[PDB]
Number of protein chains: 2
Amino acid sequence: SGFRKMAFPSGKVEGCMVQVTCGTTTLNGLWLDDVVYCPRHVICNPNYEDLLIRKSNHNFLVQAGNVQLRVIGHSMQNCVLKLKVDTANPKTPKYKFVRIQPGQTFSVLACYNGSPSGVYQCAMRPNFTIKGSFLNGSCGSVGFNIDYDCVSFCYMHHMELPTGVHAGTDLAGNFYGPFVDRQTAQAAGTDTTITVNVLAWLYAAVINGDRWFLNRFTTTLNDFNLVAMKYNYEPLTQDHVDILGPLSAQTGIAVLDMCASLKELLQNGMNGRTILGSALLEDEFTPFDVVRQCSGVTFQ
Amino acid sequence: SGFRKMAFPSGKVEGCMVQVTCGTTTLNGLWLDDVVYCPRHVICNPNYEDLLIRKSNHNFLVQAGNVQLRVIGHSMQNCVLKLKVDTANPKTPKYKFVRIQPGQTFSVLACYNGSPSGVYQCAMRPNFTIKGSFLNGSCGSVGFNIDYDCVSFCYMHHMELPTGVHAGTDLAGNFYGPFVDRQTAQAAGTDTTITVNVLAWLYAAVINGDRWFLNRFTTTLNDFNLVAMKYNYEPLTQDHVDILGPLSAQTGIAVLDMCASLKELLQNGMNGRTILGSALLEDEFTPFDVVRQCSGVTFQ
Ligand SMILES: *[C@](O)(C(=O)NCc1ccccc1)[C@H](C[C@@H]1CCNC1=O)NC(=O)[C@@H]1[C@@H]2[C@H](CN1C(=O)[C@@H](NC(=O)NC(C)(C)C)C(C)(C)C)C2(C)C
Ligand SMILES: *[C@](O)(C(=O)NCc1ccccc1)[C@H](C[C@@H]1CCNC1=O)NC(=O)[C@@H]1[C@@H]2[C@H](CN1C(=O)[C@@H](NC(=O)NC(C)(C)C)C(C)(C)C)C2(C)C
């Protein structure tokens, strides 16, 4: 039993973390096969096209540990630089590039100067920021999920917002959210609480013997969503309810019943009590998260 | 900026996770060099000596993925079984066996059937339990810290306590805490809050722009420790204060001043406000944790 924020094993990803240096900028790059993906502002209100047409191959330094990789070509796909080198990465896994929806989670392998520093779990917030742990030097660390043997790369860090959250891109270059890799006024946008995730975590709670929050009451998804509005919670769809099925099945608590509990928590608070060792309703646990952790799915 | 519970990169440890099967028991083993460390109750109020004198080499199945390892010898060092095999692990890192003190943290690579499932961060509580995330099949997963290039293995899981926390051993076999690998009445013992860690996390808070908890007041380590008693907090030693130095230095907040803040939080609570996104005073962050994360120390 027990329930922790759990990263995926970071090992298949460490094998791909290289250093990318160009001029006075050093950040992290992701070497997959013979291509090194890094954030394009390594070439730095700029005009990266003009700034790239503009460099030569030999301007790009690529350390892979103690091995210097020669770039034999480069392109720019949206906000990522794709530096083609002359060595395929022997440690290249089975991998996907995917793009996540807000609500969903992934593992971040914070790197600096190409060396892995740590791994933790994040969520794509509603406002498309991620509450991360990024310092100067971190740019080019990747978010990712592991599926059997497949790494789904879904994030590259680029930048931090004045509120201390972070913004970045899928590995095909495209910013999650309205942000841009230009140092100009950009505001996160009001965040909301991922309701489907909070229920999943309440299910994680029941599965682990935590029952202090339950009640006999039920509610209809409509009038629950009236109170999820006021508490600035994501409306719950029936599609969220379907997903919650397995968890509702395991525990014999109807998804709607759990909503009536979450309702009452929002209307009263937790009153000195914790759930799964938090005094907050936690929302960076997808339902799939709970099932993985409350059933121990592995990866070879 | 930002601040997360951050595991070490789990890659050097994944390389060592093998499956160990004996009779009707399958758990996880740690293959380092030509020796496979696993929990001794894989041979199962027993008498493991009688139970071991007792098996032969060929009784022990050792999968390393799709490669079956032959045991050529076995011994029992305290509560761990050391199965000598005929193949040294090509992926063996620089590593230590160490034993941690209560208060300190490490990364746990939850494995099942030899395959890594996830990685999260733990603390050795005061009562020498760890609040983990362990299911049937998990036994033999290891806790560990990474130091430059060196893995300090400090934990192997053996068992869960009726309260849902976990107990285990250093890799030399010895139970942290009064627990024993016998299914008999064993109680955790009252837990306490790791005060030195809570301050470190408050320092992590200041470093990240969180100041809502500070005040002009100071206190003497003596009369602080009077209130740390009542709130069931570890007494703070001057030695803890010395450790907090660097963090107190970075922020210009005297360790004692921070204690006066922690005092006031305990005497009032957080009053609807969070620190570093928690409504609880967090204590599984050592000072070294904060400095690593608030300065980005890596590992090659
Ligand atoms: C990232 O590039 C990095 O880690 N690089 C290290 C580096 C070495 C040598 C030369 C240059 C960079 C860096 C990561 C940031 C910094 C700390 N944590 C982070 O998330 N990104 C970065 O500096 C981006 C990059 C510039 C400005 N920038 C920022 O994140 C800005 N933030 C903003 O300006 N955001 C606004 C536009 C206000 C919304 C700060 C935080 C550095 C000021 C790009 C192109 C946006
Ligand atoms: C651990 O052995 C494991 O993961 N093995 C899987 C396995 C496969 C095939 C055959 C046997 C085991 C297992 C891990 C536990 C179970 C779920 N989470 C865990 O932490 N340990 C385990 O079962 C130990 C082992 C027996 C009893 N035991 C327990 O943890 C007990 N707990 C206690 O009995 N603890 C007391 C003594 C009450 C304080 C339970 C939880 C299974 C009942 C050993 C030798 C103690």
# chains A, B, ... in the order shown; residues from 1 in each chain; ligands from 1

call {"tool": "residues_near_ligand", "arguments": {"ligand": "ligand 2", "cutoff": "6 Å", "atoms": "only C-alpha atoms and all ligand atoms", "output": "list in words"}}
result
residues 1 of chain A; 24, 25, 26, 27, 41, 134, 135, 136, 137, 138, 139, 158, 159, 160, 161, 162, 166, 181, 182, 183, 184, 185 and 186 of chain B

call {"tool": "select_by_dssp", "arguments": {"residues": "stretch 70-289 of chain A", "states": "strand (DSSP E or B)", "output": "PyMOL selection string"}}
result
chain A and resi 71-77+80-85+95-97+105-112+115-123+130+142-147+150-160+166-169+175+193+233+275+278

call {"tool": "select_by_dssp", "arguments": {"residues": "stretch 7-157 of chain B", "states": "helix (DSSP H, G or I)", "output": "ChimeraX atom specification"}}
result
/B:11-14,40-42,48-52,57-59

call {"tool": "interface_residues", "arguments": {"of": "chain A", "to": "chain B", "cutoff": "7 Å", "atoms": "only C-alpha atoms", "output": "NGL selection string"}}
result
:A and (1-11 or 14 or 112 or 115-120 or 131-135 or 164-165 or 278-280 or 296-300)

call {"tool": "write_last_selection", "arguments": {"atoms": "C-alpha atoms", "output": "mmCIF file, in the first residue's frame"}}
result
data_model
loop_
_atom_site.group_PDB
_atom_site.id
_atom_site.type_symbol
_atom_site.label_atom_id
_atom_site.label_comp_id
_atom_site.auth_asym_id
_atom_site.auth_seq_id
_atom_site.Cartn_x
_atom_site.Cartn_y
_atom_site.Cartn_z
ATOM 1 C CA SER A 1 0.000 0.000 0.000
ATOM 2 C CA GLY A 2 0.923 3.684 0.252
ATOM 3 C CA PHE A 3 0.744 6.315 -2.462
ATOM 4 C CA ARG A 4 3.513 8.657 -3.704
ATOM 5 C CA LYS A 5 4.124 10.996 -6.579
ATOM 6 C CA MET A 6 6.052 8.503 -8.678
ATOM 7 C CA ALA A 7 8.190 9.254 -11.662
ATOM 8 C CA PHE A 8 8.714 6.801 -14.397
ATOM 9 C CA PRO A 9 12.134 5.190 -14.383
ATOM 10 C CA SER A 10 14.417 7.733 -16.000
ATOM 11 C CA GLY A 11 16.950 5.359 -17.481
ATOM 12 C CA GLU A 14 19.250 9.574 -19.406
ATOM 13 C CA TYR A 112 22.024 20.613 -16.659
ATOM 14 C CA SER A 115 23.808 15.537 -17.040
ATOM 15 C CA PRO A 116 20.627 14.276 -15.361
ATOM 16 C CA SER A 117 19.924 16.042 -12.063
ATOM 17 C CA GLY A 118 16.670 14.498 -10.874
ATOM 18 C CA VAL A 119 13.281 13.165 -11.927
ATOM 19 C CA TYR A 120 9.843 14.227 -10.679
ATOM 20 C CA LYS A 131 4.681 23.661 -12.103
ATOM 21 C CA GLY A 132 8.247 22.464 -12.434
ATOM 22 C CA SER A 133 11.692 22.803 -10.870
ATOM 23 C CA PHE A 134 13.884 24.496 -13.467
ATOM 24 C CA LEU A 135 16.979 26.616 -12.966
ATOM 25 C CA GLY A 164 7.483 30.828 -11.232
ATOM 26 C CA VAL A 165 5.707 28.197 -13.340
ATOM 27 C CA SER A 278 -2.039 16.025 2.052
ATOM 28 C CA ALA A 279 -4.023 18.889 3.500
ATOM 29 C CA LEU A 280 -4.838 19.854 -0.104
ATOM 30 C CA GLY A 296 2.043 -1.936 -9.958
ATOM 31 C CA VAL A 297 2.388 -1.844 -13.754
ATOM 32 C CA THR A 298 6.088 -2.124 -14.766
ATOM 33 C CA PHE A 299 8.256 -1.512 -17.858
ATOM 34 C CA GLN A 300 11.084 -3.630 -19.263
#

call {"tool": "atom_distance", "arguments": {"atom1": "atom CA of residue B:153", "atom2": "atom CA of residue B:107"}}
result
9.4 Å

call {"tool": "residues_around", "arguments": {"residues": "residue A:60", "least_positions_apart": "5", "cutoff": "12 Å", "atoms": "only C-alpha atoms", "output": "compact mmCIF listing (two decimals) with N, CA and C atoms, in the first residue's frame"}}
result
# COMPACT_ATOMS: atom_id res chain seq x y z
N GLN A 19 24.68 17.71 -24.21
CA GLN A 19 24.87 19.14 -23.99
C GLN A 19 24.95 19.82 -25.34
N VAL A 20 24.37 21.00 -25.45
CA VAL A 20 24.38 21.70 -26.73
C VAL A 20 24.84 23.13 -26.47
N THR A 21 25.93 23.51 -27.12
CA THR A 21 26.55 24.80 -26.90
C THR A 21 26.69 25.52 -28.22
N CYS A 22 26.35 26.80 -28.21
CA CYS A 22 26.43 27.59 -29.43
C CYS A 22 26.67 29.02 -29.00
N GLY A 23 27.87 29.53 -29.25
CA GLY A 23 28.20 30.87 -28.83
C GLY A 23 28.34 30.97 -27.34
N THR A 24 27.47 31.75 -26.71
CA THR A 24 27.49 31.97 -25.27
C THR A 24 26.31 31.29 -24.58
N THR A 25 25.71 30.30 -25.23
CA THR A 25 24.53 29.62 -24.73
C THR A 25 24.84 28.14 -24.64
N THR A 26 24.61 27.56 -23.46
CA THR A 26 24.69 26.12 -23.27
C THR A 26 23.41 25.63 -22.61
N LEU A 27 22.73 24.72 -23.28
CA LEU A 27 21.54 24.09 -22.75
C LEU A 27 21.56 22.60 -23.10
N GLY A 29 20.22 18.98 -24.87
CA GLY A 29 19.66 18.46 -26.09
C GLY A 29 19.32 16.99 -25.94
N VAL A 36 19.64 15.62 -32.89
CA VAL A 36 19.72 16.18 -31.55
C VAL A 36 18.71 17.31 -31.47
N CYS A 38 16.92 20.28 -29.45
CA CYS A 38 17.19 21.23 -28.39
C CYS A 38 16.29 22.42 -28.63
N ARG A 40 15.32 26.15 -29.71
CA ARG A 40 15.93 26.99 -30.73
C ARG A 40 16.58 28.24 -30.15
N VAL A 42 18.80 28.52 -28.32
CA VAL A 42 20.23 28.31 -28.14
C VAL A 42 21.04 29.11 -29.16
N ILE A 43 20.39 29.53 -30.25
CA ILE A 43 21.06 30.36 -31.25
C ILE A 43 21.04 31.84 -30.89
N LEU A 52 19.19 31.76 -37.94
CA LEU A 52 19.63 30.40 -38.25
C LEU A 52 20.28 30.26 -39.63
N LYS A 55 23.96 30.76 -39.01
CA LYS A 55 24.92 29.90 -38.37
C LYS A 55 25.45 28.88 -39.37
N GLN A 68 32.57 14.39 -28.29
CA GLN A 68 32.10 15.56 -29.01
C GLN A 68 31.46 15.11 -30.31
N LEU A 69 30.19 15.47 -30.51
CA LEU A 69 29.46 15.08 -31.72
C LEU A 69 29.45 16.17 -32.79
N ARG A 70 29.77 15.78 -34.03
CA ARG A 70 29.82 16.73 -35.13
C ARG A 70 28.45 16.86 -35.78
N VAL A 71 27.97 18.09 -35.91
CA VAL A 71 26.70 18.33 -36.58
C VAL A 71 26.95 18.35 -38.08
N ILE A 72 26.15 17.60 -38.84
CA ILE A 72 26.29 17.55 -40.29
C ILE A 72 25.08 18.17 -40.98
N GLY A 73 24.30 18.96 -40.27
CA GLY A 73 23.09 19.53 -40.82
C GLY A 73 22.13 19.97 -39.74
N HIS A 74 21.30 20.97 -40.03
CA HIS A 74 20.38 21.51 -39.04
C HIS A 74 19.14 22.05 -39.73
N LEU A 81 15.27 23.31 -32.38
CA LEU A 81 16.35 23.10 -33.33
C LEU A 81 16.64 21.61 -33.46
N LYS A 82 16.70 21.11 -34.69
CA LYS A 82 17.00 19.70 -34.94
C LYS A 82 18.38 19.61 -35.59
N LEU A 83 19.38 19.28 -34.79
CA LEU A 83 20.76 19.24 -35.26
C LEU A 83 21.11 17.82 -35.67
N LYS A 84 21.19 17.57 -36.98
CA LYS A 84 21.59 16.26 -37.47
C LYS A 84 23.09 16.06 -37.28
N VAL A 85 23.47 15.02 -36.52
CA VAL A 85 24.88 14.70 -36.27
C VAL A 85 25.32 13.45 -37.04

call {"tool": "closest_residue", "arguments": {"among": "A:207, A:244, A:98, A:200", "to": "residue A:151", "atoms": "only C-alpha atoms"}}
result
A:98

call {"tool": "atom_distance", "arguments": {"atom1": "atom CA of residue A:34", "atom2": "atom CA of residue A:18"}}
result
12.2 Å

call {"tool": "residues_around", "arguments": {"residues": "residue A:173", "least_positions_apart": "2", "cutoff": "10 Å", "atoms": "only C-alpha atoms", "output": "list in words"}}
result
residues 37, 38, 39, 40, 76, 77, 78, 79, 80, 81, 82, 155, 156, 168, 169, 170, 171, 175 and 176 of chain A

call {"tool": "residues_around", "arguments": {"residues": "residue B:215", "least_positions_apart": "2", "cutoff": "7 Å", "atoms": "only C-alpha atoms", "output": "number ranges by chain"}}
result
B: 213, 217, 261
